[PDB]
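Structure file structure-v7.cif with mmCIF, C-alpha atoms:
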```
data_model
loop_
_atom_site.group_PDB
_atom_site.id
_atom_site.type_symbol
_atom_site.label_atom_id
_atom_site.label_comp_id
_atom_site.auth_asym_id
_atom_site.auth_seq_id
_atom_site.Cartn_x
_atom_site.Cartn_y
_atom_site.Cartn_z
ATOM 1 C CA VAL A 4 132.069 327.838 19.183
ATOM 2 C CA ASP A 5 130.078 328.638 22.346
ATOM 3 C CA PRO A 6 126.729 330.287 21.426
ATOM 4 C CA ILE A 7 125.728 331.230 24.967
ATOM 5 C CA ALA A 8 129.123 332.894 25.390
ATOM 6 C CA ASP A 9 128.779 334.757 22.089
ATOM 7 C CA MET A 10 125.409 336.154 23.214
ATOM 8 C CA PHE A 11 127.005 337.550 26.379
ATOM 9 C CA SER A 12 129.549 339.378 24.213
ATOM 10 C CA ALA A 13 126.941 340.889 21.882
ATOM 11 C CA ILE A 14 124.892 341.991 24.883
ATOM 12 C CA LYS A 15 127.903 343.664 26.478
ATOM 13 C CA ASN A 16 128.927 345.490 23.305
ATOM 14 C CA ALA A 17 125.444 346.795 22.623
ATOM 15 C CA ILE A 18 125.399 348.063 26.190
ATOM 16 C CA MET A 19 128.699 349.824 25.715
ATOM 17 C CA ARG A 20 127.268 351.379 22.559
ATOM 18 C CA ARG A 21 124.332 352.636 24.670
ATOM 19 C CA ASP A 22 121.935 350.790 22.383
ATOM 20 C CA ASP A 23 118.252 350.201 23.106
ATOM 21 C CA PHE A 24 118.289 346.657 21.772
ATOM 22 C CA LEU A 25 120.091 343.998 19.815
ATOM 23 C CA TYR A 26 119.209 340.648 18.108
ATOM 24 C CA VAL A 27 120.591 337.174 18.764
ATOM 25 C CA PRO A 28 120.102 333.720 17.184
ATOM 26 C CA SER A 29 117.330 331.580 18.692
ATOM 27 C CA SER A 30 118.108 328.822 21.210
ATOM 28 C CA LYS A 31 115.907 327.262 23.903
ATOM 29 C CA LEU A 32 118.673 327.504 26.477
ATOM 30 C CA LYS A 33 119.267 331.156 25.532
ATOM 31 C CA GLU A 34 115.561 331.776 25.985
ATOM 32 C CA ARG A 35 115.528 330.296 29.491
ATOM 33 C CA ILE A 36 118.574 332.407 30.269
ATOM 34 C CA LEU A 37 117.004 335.622 28.976
ATOM 35 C CA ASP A 38 113.949 334.784 31.039
ATOM 36 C CA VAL A 39 116.095 334.705 34.149
ATOM 37 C CA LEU A 40 117.710 337.993 33.130
ATOM 38 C CA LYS A 41 114.287 339.630 32.613
ATOM 39 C CA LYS A 42 112.899 338.233 35.848
ATOM 40 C CA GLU A 43 115.908 339.599 37.775
ATOM 41 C CA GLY A 44 115.738 343.022 36.160
ATOM 42 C CA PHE A 45 118.985 342.783 34.220
ATOM 43 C CA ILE A 46 117.229 343.311 30.874
ATOM 44 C CA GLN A 47 113.988 345.091 30.055
ATOM 45 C CA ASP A 48 112.423 342.365 27.901
ATOM 46 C CA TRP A 49 113.064 340.047 24.984
ATOM 47 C CA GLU A 50 110.885 338.960 22.054
ATOM 48 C CA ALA A 51 110.856 335.822 19.886
ATOM 49 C CA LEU A 52 110.683 337.172 16.330
ATOM 50 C CA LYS A 53 108.527 334.457 14.725
ATOM 51 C CA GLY A 54 105.306 334.372 12.695
ATOM 52 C CA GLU A 55 103.687 337.762 12.052
ATOM 53 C CA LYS A 56 106.114 339.364 14.517
ATOM 54 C CA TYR A 57 109.170 338.609 12.402
ATOM 55 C CA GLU A 58 107.556 340.187 9.318
ATOM 56 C CA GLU A 59 106.670 343.373 11.163
ATOM 57 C CA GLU A 60 110.270 343.743 12.350
ATOM 58 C CA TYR A 61 111.989 343.181 9.034
ATOM 59 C CA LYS A 62 109.769 345.819 7.365
ATOM 60 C CA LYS A 63 110.527 348.401 10.057
ATOM 61 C CA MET A 64 114.327 348.101 10.086
ATOM 62 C CA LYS A 65 114.068 347.833 6.314
ATOM 63 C CA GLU A 66 112.231 351.152 6.229
ATOM 64 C CA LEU A 67 114.699 352.744 8.624
ATOM 65 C CA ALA A 68 117.691 351.270 6.825
ATOM 66 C CA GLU A 69 116.341 353.122 3.788
ATOM 67 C CA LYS A 70 116.095 356.730 4.998
ATOM 68 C CA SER A 71 119.159 358.714 6.037
ATOM 69 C CA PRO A 72 121.253 355.561 5.604
ATOM 70 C CA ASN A 73 123.642 355.754 8.553
ATOM 71 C CA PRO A 74 126.043 352.826 9.055
ATOM 72 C CA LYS A 75 125.166 350.074 11.550
ATOM 73 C CA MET A 76 121.537 349.874 10.400
ATOM 74 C CA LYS A 77 121.652 347.534 7.394
ATOM 75 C CA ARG A 78 123.376 345.121 9.783
ATOM 76 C CA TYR A 79 120.090 344.497 11.580
ATOM 77 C CA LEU A 80 118.532 343.412 8.309
ATOM 78 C CA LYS A 81 121.580 341.249 7.698
ATOM 79 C CA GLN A 82 121.375 339.856 11.243
ATOM 80 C CA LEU A 83 117.600 339.478 10.988
ATOM 81 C CA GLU A 84 118.042 336.974 8.149
ATOM 82 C CA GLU A 85 120.754 334.569 9.271
ATOM 83 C CA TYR A 86 118.984 334.167 12.614
ATOM 84 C CA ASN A 87 115.819 332.744 11.018
ATOM 85 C CA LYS A 88 117.419 330.071 8.869
ATOM 86 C CA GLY A 89 115.929 326.638 9.451
ATOM 87 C CA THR A 90 113.815 325.802 12.478
ATOM 88 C CA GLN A 91 115.391 328.846 14.110
ATOM 89 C CA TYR A 92 114.231 332.438 14.766
ATOM 90 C CA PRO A 93 115.763 335.756 15.876
ATOM 91 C CA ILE A 94 115.464 337.022 19.419
ATOM 92 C CA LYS A 95 115.117 340.740 20.015
ATOM 93 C CA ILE A 96 116.583 341.743 23.358
ATOM 94 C CA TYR A 97 115.546 345.020 24.999
ATOM 95 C CA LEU A 98 118.291 346.447 27.205
ATOM 96 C CA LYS A 99 117.734 348.082 30.571
ATOM 97 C CA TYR A 100 119.499 351.245 31.693
ATOM 98 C CA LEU A 101 118.721 353.088 34.931
ATOM 99 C CA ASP A 102 119.045 356.664 33.676
ATOM 100 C CA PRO A 103 117.436 358.448 30.678
ATOM 101 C CA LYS A 104 120.863 359.002 29.063
ATOM 102 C CA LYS A 105 121.695 355.282 29.255
ATOM 103 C CA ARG A 106 125.028 355.845 31.019
ATOM 104 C CA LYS A 107 124.129 353.408 33.815
ATOM 105 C CA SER A 108 123.467 349.843 32.565
ATOM 106 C CA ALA A 109 121.514 347.383 34.701
ATOM 107 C CA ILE A 110 124.231 344.901 33.769
ATOM 108 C CA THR A 111 127.665 345.686 35.136
ATOM 109 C CA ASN A 112 129.054 342.434 33.764
ATOM 110 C CA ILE A 113 128.047 339.024 32.559
ATOM 111 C CA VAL A 114 130.520 336.186 32.220
ATOM 112 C CA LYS A 115 130.345 332.556 31.132
ATOM 113 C CA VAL A 116 131.413 330.061 33.797
ATOM 114 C CA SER A 117 130.982 326.500 32.559
ATOM 115 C CA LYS A 118 132.681 325.977 29.195
ATOM 116 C CA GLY A 119 133.969 323.228 26.923
ATOM 117 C CA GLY A 120 136.259 320.822 28.736
ATOM 118 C CA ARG A 121 136.270 323.187 31.699
ATOM 119 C CA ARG A 122 132.784 322.306 32.920
ATOM 120 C CA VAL A 123 131.536 323.838 36.162
ATOM 121 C CA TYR A 124 128.840 322.010 38.095
ATOM 122 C CA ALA A 125 127.741 323.010 41.597
ATOM 123 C CA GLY A 126 126.200 320.632 44.103
ATOM 124 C CA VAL A 127 123.350 321.263 46.497
ATOM 125 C CA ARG A 128 125.816 322.177 49.247
ATOM 126 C CA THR A 129 128.264 324.062 47.032
ATOM 127 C CA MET A 130 126.011 326.509 45.196
ATOM 128 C CA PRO A 131 128.095 329.687 44.755
ATOM 129 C CA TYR A 132 127.107 333.253 45.587
ATOM 130 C CA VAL A 133 128.025 336.100 43.249
ATOM 131 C CA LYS A 134 129.248 339.501 44.552
ATOM 132 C CA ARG A 135 128.265 338.664 48.148
ATOM 133 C CA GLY A 136 124.818 337.615 46.932
ATOM 134 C CA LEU A 137 124.106 340.940 45.216
ATOM 135 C CA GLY A 138 124.786 339.380 41.822
ATOM 136 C CA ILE A 139 123.512 336.080 40.462
ATOM 137 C CA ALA A 140 124.733 332.818 39.101
ATOM 138 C CA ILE A 141 122.568 331.367 36.389
ATOM 139 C CA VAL A 142 122.415 327.593 36.830
ATOM 140 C CA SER A 143 121.042 324.778 34.690
ATOM 141 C CA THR A 144 119.278 322.389 37.055
ATOM 142 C CA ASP A 145 117.198 319.283 36.488
ATOM 143 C CA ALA A 146 114.255 321.581 37.216
ATOM 144 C CA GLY A 147 115.088 324.273 34.671
ATOM 145 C CA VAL A 148 117.372 327.295 34.366
ATOM 146 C CA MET A 149 117.248 329.592 37.396
ATOM 147 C CA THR A 150 119.199 331.726 39.854
ATOM 148 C CA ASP A 151 121.504 330.476 42.545
ATOM 149 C CA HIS A 152 119.016 331.835 45.055
ATOM 150 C CA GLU A 153 116.263 329.680 43.570
ATOM 151 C CA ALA A 154 118.460 326.602 43.169
ATOM 152 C CA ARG A 155 119.280 326.876 46.880
ATOM 153 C CA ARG A 156 115.639 327.366 47.849
ATOM 154 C CA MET A 157 114.762 324.315 45.771
ATOM 155 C CA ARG A 158 117.636 322.365 47.334
ATOM 156 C CA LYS A 159 119.150 321.668 43.929
ATOM 157 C CA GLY A 160 122.478 321.601 42.126
ATOM 158 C CA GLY A 161 123.328 322.130 38.490
ATOM 159 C CA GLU A 162 125.654 323.459 35.837
ATOM 160 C CA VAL A 163 126.848 326.998 36.448
ATOM 161 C CA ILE A 164 126.281 328.781 33.173
ATOM 162 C CA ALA A 165 127.150 332.334 34.181
ATOM 163 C CA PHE A 166 127.782 335.052 36.757
ATOM 164 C CA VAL A 167 125.861 338.302 36.362
ATOM 165 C CA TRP A 168 126.018 341.484 38.420
#
```
Rewritten as structure tokens:
Amino acid sequence: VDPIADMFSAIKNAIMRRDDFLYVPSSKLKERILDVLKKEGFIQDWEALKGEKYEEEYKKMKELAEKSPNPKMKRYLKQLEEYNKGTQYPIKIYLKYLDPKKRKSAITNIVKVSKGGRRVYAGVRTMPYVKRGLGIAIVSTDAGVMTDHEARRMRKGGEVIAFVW
């Protein structure tokens, strides 16, 4: 059960469906990761669906779920509930494509590196490049979650969460 890994999967599938967005369960790590992805231009944006914002959303998809009921729309309702159980809230992720028809995703791939048992930490001197430095590693440092480029600039090491390109 690796939540960060399961988010990468969802993201990828939604992309392959040519979807505009998708929801994922809240997490503070996930949020710092999405913030890297947004900052680097790999996603368009992401929203925390809390307070008044969560209400708004549920109504909308509810409305839409209700007219011309095509499959794969009630799911969002479904999803929108289990993600707000407890102290936790749903994240709405807005996907970025380059072309109007959404055939060219900003994300070519996104893959978990560090995992259970098979941890991957990089030191100051051994901070990896991704795709010749055209992609990114997302790394958890003692100064926050950031790119390999930034970790290097900050002369820091950390756990390598993911490669993205």
**Prompt:** So which one's closest to residue 25 of chain A, A:11, A:97, A:92, A:61? Using all atoms listed in the file, please.
**Reply:**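 Checking each candidate against residue 25 of chain A, we get A:97 as the closest.
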**Item:** atom CA of residue 90 of chain A to atom CA of residue 145 of chain A, distance in Å rounded to a single decimal
**Value:** 25.1 Å
**Coordinates-based distance that separates atom CA of residue 32 of chain A from atom CA of residue 148 of chain A (Å, one decimal)** =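 So the two atoms, atom CA of residue 148 of chain A and atom CA of residue 32 of chain A, lie 8.0 Å apart.
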**Message:** Can you spell out as a ChimeraX atom specification the set of residues that the PyMOL selection byres ((chain A and resi 7) around 12) selects in the structure I just provided?
**Reply:** /A:4-6,8-14,27-37,113-119,141,164-165
Find the spatial neighbours of residue 19 of chain A, counting all atoms listed in the file, within a cut-off of 10 Å - ignore same-chain residues fewer than 4 positions away - and output them as a PDB file with C-alpha atoms, keeping the file's coordinate frame.
```pdb
ATOM      1  CA  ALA A  13     126.941 340.889  21.882  1.00  0.00           C
ATOM      2  CA  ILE A  14     124.892 341.991  24.883  1.00  0.00           C
ATOM      3  CA  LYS A  15     127.903 343.664  26.478  1.00  0.00           C
ATOM      4  CA  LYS A 105     121.695 355.282  29.255  1.00  0.00           C
ATOM      5  CA  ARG A 106     125.028 355.845  31.019  1.00  0.00           C
ATOM      6  CA  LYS A 107     124.129 353.408  33.815  1.00  0.00           C
ATOM      7  CA  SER A 108     123.467 349.843  32.565  1.00  0.00           C
TER       8      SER A 108
END
```
**Asked** Taking only C-alpha atoms into account, which of A:52, A:96, A:39, A:46 comes nearest residue 152 of chain A?
**Response**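 Smallest separation from residue 152 of chain A among the options: A:39.
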**Prompt:** Which of these, A:73, A:16, A:87, A:144, has the shortest distance to residue 127 of chain A once you count all atoms listed in the file?
**Reply:**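 Closest to residue 127 of chain A, using all atoms listed in the file: A:144.
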**Request:** Name the residues that the PyMOL selection byres ((chain A and resi 109) around 9) picks from the file above, as a list in words, using the file's chain letters and numbers.
**Result:** residues 44, 45, 46, 98, 99, 100, 101, 107, 108, 110, 111 and 168 of chain A
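Reported to one decimal place, the separation of atom CA of residue 147 of chain A from atom CA of residue 86 of chain A is 24.5 Å.
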